[PDB]
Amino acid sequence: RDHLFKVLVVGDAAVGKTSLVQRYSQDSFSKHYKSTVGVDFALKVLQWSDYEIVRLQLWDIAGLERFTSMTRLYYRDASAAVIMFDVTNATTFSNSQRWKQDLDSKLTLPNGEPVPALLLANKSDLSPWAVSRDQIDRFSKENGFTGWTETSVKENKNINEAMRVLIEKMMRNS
C-alpha cells in the first residue's frame, strides 16, 4: 500500500524553506526520479511497515512566497502545511498568521476538517530572537495551529523529528 501526502512548505522569503526541502527530501541521495516526476515538488519515500510505504511530495511556495497567498495549483489536495518563520525576524512571525488564515480559507481535508498546520520557529541557532517562546505558544494556540516547535535547518536540529510527528498525524487522519 502506498500512502501519498502532499505537504506545503510555506512562509516568508528567507526563513529556510528551500533549505528544509533540500535537507529533508531524498534529493541528496538520488535525483534520478526528477526526469519523469518533474520538479513542482521534491519527494521523500519511507518504508512504513512490511507492506506499506509513505511518499511525501514537499511543495516549496518558492517564486510566489512574497505574496503571502497560495495559488490553487500550489495548495490543491494538500494533506498538511509546514508554516516556517525566522525567530530573528518578527515580520516573518506576524506573517505566519496570514499564511495560516490563507490556508484555512482555501483548503480542507476531504472530510471538511482543517488541514494540520505545523509552525516551525526556524533559525533557533541564532541570537537574539525577536519573539519569546511564550509568545510563540500563545500565537500558535490563538491561530489554530496543530502545534509548533523550534528548529535549526542549519544545524539539523528537530527537523527529522518534527516532520516525523507530522507524518504520523497525516497517517492518523487517513
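All residue numbers are counted from 1 along the displayed sequence.
In this crystal structure, the stretch out of 104-112 and 25-33 whose C-alpha atoms carry the higher mean B factor is 104-112. For the pair 89-97 and 76-84, the mean B factor over Cα atoms is greater in 89-97. Across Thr146, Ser69, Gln57, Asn122, the entry's maximum B-factor at the CA atom is seen for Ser69. As recorded in the entry, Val39 carries the highest CA temperature factor of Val39, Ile61, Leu43, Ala117. In the deposited entry, the Cα temperature factor of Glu155 sits in the top third of values across the chain's modelled residues. When the modelled residues of the chain are ordered by their C-alpha B factor, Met171 lands in the highest third.
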